[PDB]
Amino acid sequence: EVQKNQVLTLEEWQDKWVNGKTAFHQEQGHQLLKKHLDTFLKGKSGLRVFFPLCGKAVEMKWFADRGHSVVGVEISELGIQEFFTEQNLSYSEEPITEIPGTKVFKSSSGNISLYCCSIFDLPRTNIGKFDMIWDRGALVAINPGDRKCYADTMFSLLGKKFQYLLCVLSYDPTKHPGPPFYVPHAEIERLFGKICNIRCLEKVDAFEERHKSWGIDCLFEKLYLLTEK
């Protein structure tokens, strides 16, 4: 209930990128994913992997380097450009014909495509189906009221068998209004429990010096693996 009425705008997010206020970004990449990556990919070849609200997530290159095709969606053209610049990847552009005024950025390698539009635009595209989702700073970045629509959008993107990897943050929601927002276990169950087997693989201290600026003094991260019932 606490953060329920928080409504951020796309322009606010784009402004963060313009202003360099991108402290959510992890240059060395996600350490829980790094730990479990081989287990998740064991026996797997040429998967399609989706990154909602992808920013310039370095982990997209982890999957592409391992032979999987990666699609991300990110509202900030600046963040997308920073991804290609930082990963030293050439790219070219095409329109997203269904959503006038927007573009998809395609790595020359053919392995990474970043849609520069809203995640909520995707059901009107032919983005298709995915074997795997990496969701970090995404479900937690969405306006709280938008979570059900987001969850339904995720389901629309999933193949019959899937591994949905989900990172959420645990902190006292009365101390920081978000983002990132507080998504408790019960909320995961509400959104994903009917369709998914839910495993919480990790719960680790995530508190860094930068988190003092949110007015909290404890922060934990949980890594979930959601799969078909």
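Sequential numbering from 1, following the sequence displayed.
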Original post:
If you average the Cα B factors in the entry, which is higher, 157-165 or 53-61?
Top reply: 157-165
Original post:
Quick one: higher average CA temperature factor, 86-94 or 114-122?
Top reply: 86-94
**OP:** Would you check the entry's CA temperature factor for residue 13 and let me know if it's in the chain's lowest, middle or highest third?
**Re:** lowest
Subject >> Ranked C-alpha temperature factor of residue 76 among modelled chain residues, by third >> reply: lowest
**OP:** Pull the Cα B-factor of residue 143 out of the PDB entry and bin it into the chain's lowest, middle or highest third.
**Re:** lowest
Original post:
Within this chain, which third does the Cα B-factor at residue 175 fall in: lowest, middle or highest?
Top reply: highest
Original post:
Would the CA B-factor of residue 2 place it in the lowest, middle or highest third of its chain?
Top reply: highest
